[PDB]
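K.L.:
Please find the sequence and an experimentally derived structure below.
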Amino acid sequence: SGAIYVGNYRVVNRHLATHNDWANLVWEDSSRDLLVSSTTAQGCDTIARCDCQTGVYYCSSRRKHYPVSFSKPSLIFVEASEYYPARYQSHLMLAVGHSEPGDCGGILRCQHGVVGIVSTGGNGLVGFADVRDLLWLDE
Ligand SMILES: CO[C@@H](C(=O)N1CCC[C@H](C(N)=O)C1)c1cccnc1
Ligand SMILES: [Zn+2]
């Protein structure tokens, strides 16, 4: 679990969105595994606006933050899970690291701010849904 809190927005994995998220919906995209809902209180996270390929992510199944090198956002084939069939997920970045079911939502960040959140795992790989192109999160 986990979210990004920027401005009056909450960014979560679409597959983990709650009823309150759907009832206060701003934007959602199944192909990216992202959903954004509106919040009453202002958040403290800032979004990175950069081309970094190195950063640090939070892994809840280890209680640890790990430094990683990650690929540029791309269209990647992801295996069937309880939440989606096997399909192509867009705007996804991969790295080598631990990610098991429950780690979705952990933040990946670089020197400029939040880059994205954990969205996929297994086999010693972790995938992150990028948010750096969503410029509207800053206004
Ligand atoms: C977070 O890791 C899970 C994962 O990749 N999922 C399930 C949750 C939905 C993910 C997606 N974005 O399509 C895929 C996972 C699965 C299967 C095995 N190990 C780990
Ligand atoms: Zn950066």
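P.N.:
Happy to help now that I have it. Numbering: from 1, shown residues only. Ligands and ions are numbered 1, 2, ... in the order given.
K.L.:
and the residue in the chain positioned nearest to ligand 1, what does it touch?
P.N.:
As assessed by Cβ to the nearest ligand atom, ligand 1 sits closest to residue 121 within the chain, at 2.7 Å. Any C-beta I mention is one placed from the backbone N, CA and C, and that applies to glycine too. Residues near residue 121 by Cβ atoms under 8 Å, 6 or more residues apart in numbering: 98, 99, 100, 101, 103, 104, 127.
K.L.:
so it is in which element?
P.N.:
Using DSSP states H and E, residue 121 sits within strand 113-122.
K.L.:
Give me the distance from the very next helix or strand once past that strand to the chain's centre.
P.N.:
Counting by DSSP H and E, the next helix or strand C-terminal to strand 113-122 is strand 125-130. Remark: strand 125-130 is offset 7 Å from the chain centroid, using Cα atoms, centre = their mean, to the nearest Å.
K.L.:
And strand 125-130, what's buried?
P.N.:
Going by neighbour count (16 or more other Cβ atoms under 10 Å), the buried part of strand 125-130 is 126, 127, 128, 129, 130.
K.L.:
Name the nearest residue to the fourth one, sequence neighbours excluded.
P.N.:
Of all residues beyond its chain neighbours, the one nearest residue 129 is residue 119 (4.2 Å), with distances taken as Cβ to Cβ, 6 or more residues apart in numbering.
K.L.:
The one you found: how many residues sit nearby?
P.N.:
Per other Cβ atoms under 10 Å, the neighbour tally for residue 119 reads 28.
K.L.:
Just confirm it contacts residue 104, I think it does.
P.N.:
Yes: Residue 119 sits in contact with residue 104 when judged by Cβ atoms under 8 Å, with a separation of 6.0 Å.
K.L.:
Which neighbours do the two have in common?
P.N.:
Common neighbours of residue 119 and residue 104 (Cβ under 8 Å, 6+ apart) are residue 13.
K.L.:
Going along the chain, name the strands of the protein.
P.N.:
Applying DSSP state E to the chain gives strands spanning 4-13, 25-29, 34-44, 54-59, 64-69, 74-78, 87-96, 107-110, 113-122, 125-130.
K.L.:
Outside of the fifth one itself, list whatever touches it.
P.N.:
Which is strand 64-69. Residues contacting strand 64-69 (Cβ under 8 Å, 6+ apart): 53-59, 95-98, 108, 126.
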